[PDB]
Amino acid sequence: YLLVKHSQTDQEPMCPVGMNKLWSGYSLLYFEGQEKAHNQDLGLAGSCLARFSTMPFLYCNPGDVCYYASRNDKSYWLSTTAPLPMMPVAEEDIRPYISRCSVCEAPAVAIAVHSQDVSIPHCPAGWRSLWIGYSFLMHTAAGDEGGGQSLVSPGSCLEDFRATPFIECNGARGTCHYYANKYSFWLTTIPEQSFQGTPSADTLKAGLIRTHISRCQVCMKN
């Protein structure tokens, strides 16, 4: 069993004591090839790439021709709290913006539970808590491409709420940046005990956001 953790900072996460670390890397959210997004589950090892690059993949056509960083593709990564830049950051300046991750050998499977409430949900009886966070559901950026997380996957539970939890890297350009069309989607907190038939529209500004975001816990049996 593998436990994947994303620090959301430029420092690799520590594997819980006792769990062997297979490797550390960079937090990969998704690739965009031919304007088609292909995501990696943040709770699976595939989302922790050992080597970073603004263009970590290439493509080939049936005519036996492959192109690397020779078109207009891009990649997306979970980011840190580094300040929003006035212009794209290039090469070495990208480093402080990319989230780090660690893949650890676990004794049992880890799952995420969500309360859809301001309260923290309980881990199932017989399961221990690994961390607490916010319910990260999906995202979109360039065009209408993007992706989402599995709610039972630890990848849907980010310890740090971020209105913009990821950054865009423009492949061949070798730069990353934050564009205005980036959206993060989170499960909401619901007042009702179990049924809400008519949502009340609302706009939340910095400071009064976190109290409206569903909470989660990542748990492991025993």
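The first residue of the sequence shown is number 1, and the count goes up from there.
- The deposited model assigns a higher average Cα B-factor to 191-199 than to the other stretch when 155-163 and 191-199 are compared.
- In this entry, 63-71 has the higher mean Cα B-factor, the comparison being between 178-186 and 63-71.
- You'll see in the entry that, of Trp127, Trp131, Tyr134, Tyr76, the Cα B factor peaks at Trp127.
- The PDB entry assigns its highest CA temperature factor, among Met86, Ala142, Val113, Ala90, to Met86.
- Ranked by C-alpha B-factor against the other modelled residues of its chain, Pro96 falls in the middle third.
- The PDB entry assigns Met138 a C-alpha temperature factor belonging to the lowest third of its chain's modelled residues.
- For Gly147, the recorded CA temperature factor ranks within the lowest third of the chain's modelled residues.
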